[PDB]
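First, one chain by itself in structure tokens, the form deposited in one PDB entry.
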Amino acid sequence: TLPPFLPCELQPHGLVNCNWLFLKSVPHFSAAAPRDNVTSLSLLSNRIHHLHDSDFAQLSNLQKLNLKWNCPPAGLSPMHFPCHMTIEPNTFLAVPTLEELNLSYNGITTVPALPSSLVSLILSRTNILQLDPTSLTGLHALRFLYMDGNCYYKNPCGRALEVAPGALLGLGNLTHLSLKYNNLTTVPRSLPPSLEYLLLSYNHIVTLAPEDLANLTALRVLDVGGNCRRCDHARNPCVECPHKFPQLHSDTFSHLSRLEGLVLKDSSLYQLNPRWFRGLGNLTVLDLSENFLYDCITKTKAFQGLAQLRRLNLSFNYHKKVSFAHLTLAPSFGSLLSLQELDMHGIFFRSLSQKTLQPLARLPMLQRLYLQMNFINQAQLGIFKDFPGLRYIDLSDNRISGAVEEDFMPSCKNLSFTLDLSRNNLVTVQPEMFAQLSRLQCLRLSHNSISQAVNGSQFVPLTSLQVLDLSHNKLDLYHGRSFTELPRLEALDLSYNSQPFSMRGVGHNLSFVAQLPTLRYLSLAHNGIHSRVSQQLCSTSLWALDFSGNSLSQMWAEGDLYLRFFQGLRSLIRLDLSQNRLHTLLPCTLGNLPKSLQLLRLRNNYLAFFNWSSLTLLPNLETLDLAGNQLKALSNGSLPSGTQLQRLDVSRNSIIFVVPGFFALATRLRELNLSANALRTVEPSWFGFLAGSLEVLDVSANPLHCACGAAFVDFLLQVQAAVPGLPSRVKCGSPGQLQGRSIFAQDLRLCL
């Protein structure tokens, strides 16, 4: 059977996906098609500029419709093409089950007639400049209205978006409203008191007072930021907030007892008026980023009485000249008893010390601390020891330089105490730096210029440490006692550390890897390991090893010295040998890899032959990756029976032919990637029988030979369930006037 919704793709949760197919209009699907199954239709970034009553009229259970970027207004078109979308008047009424609709980045100047089942309506970056009681009349179920971007630089209009007083009163269930980037100077008048999220940011509302939020007592989130900006570090156009502005009257927000979030970022504030935050019992999030409060936060009392607050953002409150604030936190920070996350990155200051963060020190739930990009040069890392509930500290992108004078490398997210000092200016690591941080589980020291000797002396205090990311440095040699001072180390990143000249006439000693009873994950990626090095990695504990970006080729080219170089890794699971220039492979080299291997990568090497009869020597292999190599064929022995294989990636080769039955004996094989190759066809004789047993079979980007009527078509229809993107991303290489078109296209739908 043809795929039902050609040229579109059916997908989980009744999603017809028509995105990105260059469509001039909406597909009228066949009568055969299960239209009752379609609960969501997606036509993103096609070029549909005309909508008709008959378009979605037969989609009885349709609830989600996405027509975004179909007719971009002049401003938003790369080439400034004007576009105006005509919509027939019953276009949407014909869809009485419709619940959500995205009309954004389209050329419409008025709202269409919409059905009363609508619940969410997006009209962002359209040309509607007027909203009054007639626009959305009777949308009683409508909870979400978003209309951002209808009048600003990328899509201008010569005046302010008009929202008549009480335009939206009719929407008695509306709880969410977005009207950013619309060139408003005042907050509309009498918005639905049902509202819970009002976002009026990035307009030109320079004056606010209680009158403006009259009757809006259900607000839980309010964003009025960006309305009078500092424009010295953008990027795009920007009206500078004029001299004696903004003007927030002290009790502007006083009556919003239920309010949980308040955003005043980029509002040209020099002072905090504590009367703003009075009455705000339930405030959990406050965003003061991008103002001028360097001076205010050494002395302010406006945080007195914000007890429930959990996230406070102060990032980018720097002196506009680009210089240091001198910094102690006002003691009222101490009143933020519920504080969980404090953002202070990009304020710019010189010294981190006990004074600096004093009132915070004993806040009991403070967990996260963003201090990056602050150009600090004197840190006192010990101040942090007794913080009761710390877990993450971002101190990257500063100028600290000492004390005071994923399958292959897991993330530190679930871990309990983490310190990132990356992109600092450390040349050498003192052990005493880490005197007070024995509780650390993760230490990120990448992208310094660390050119020291590791010998066991460097990380002595760090006896809880499990993750040590030392990548992107110049670590000058590796010894038998390196990292042994870290008893509990579970994962170690030594990638991008290449000093082949500063070696002192010798090479790395890698025995230390044997000396680390906790170690699972190790990266030596891109270290340029050419020669002169240990002959056996041994570890009874190691689960995964990244060797990508070195020169295993060189090593195995050199006699039988390094042919057991991975053998000692008795526990191994994963091994990345990508980008090692491997031009060839001995049957003797592949038997010498740990019997336990489950995942193996060989991406981007120059292998043009590969002995599949030798996968018997890896009785546990489940995944093998040969992507981006030089294979002319899948031949020279087929896939041996018994093999446990599940994922085979041979993408980006030059496979022009496969021998019959190759994949047949691969009984467990569930994922196959033959994409980007020289395949003129696709045969079932390759899979013996067992065709519809694969779950994912990728044959896109192949010069398929669409001859009326070729033999890959029966096979692919018959297993379509496993061919991702069969309806459009599987394409003809030939003949001529089908080149680059889909194997189903208008001159092939007449030959099936």
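Residue numbers here begin at 1 and follow the sequence given. Between two forms, the rigid core is the largest collection of C-alphas that superpose within 1.5 Å.
Below, we refer to the form deposited in another entry, which is not included among the displayed structures.
Engineer: Please find the residue from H508, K265, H447, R310 showing a Cα shift of 2 angstroms or more between the shown form and the other one, rigid core superposed.
Structural biologist: Single residue meeting the criterion: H508.
Engineer: Using a superposition on the rigid core, decide whether the Cα position of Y146 changes by 2 angstroms or more between the shown form and the other one.
Structural biologist: It does not, since the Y146 C-alpha is displaced less than 2 Å between the shown form and the other one after the core fit.
Engineer: Could you check, with the core superposed, whether the Cα atom of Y181 shifts 2 Å or more between the shown form and the other one?
Structural biologist: After core superposition, the displacement of the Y181 C-alpha between the shown form and the other one stays below 2 Å, so no.
Engineer: For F417, state whether the C-alpha moves by 2 Å or more between the shown form and the other one after rigid core superposition.
Structural biologist: No; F417 is a residue whose C-alpha shifts by less than 2 Å between the shown form and the other one when the cores are overlaid.
Engineer: Would you mind telling me if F547 and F501 are closer or farther apart in the other form than in the shown form, C-alpha to C-alpha, with a 3 Å or larger change?
Structural biologist: Closer is correct, given that in the other form the C-alpha spacing of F547 to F501 is reduced by at least 3 Å.
Engineer: Regarding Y496 and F501, go with closer or farther for their CA spacing in the other form versus this form, the difference being 3 Å or more.
Structural biologist: Closer, not farther.
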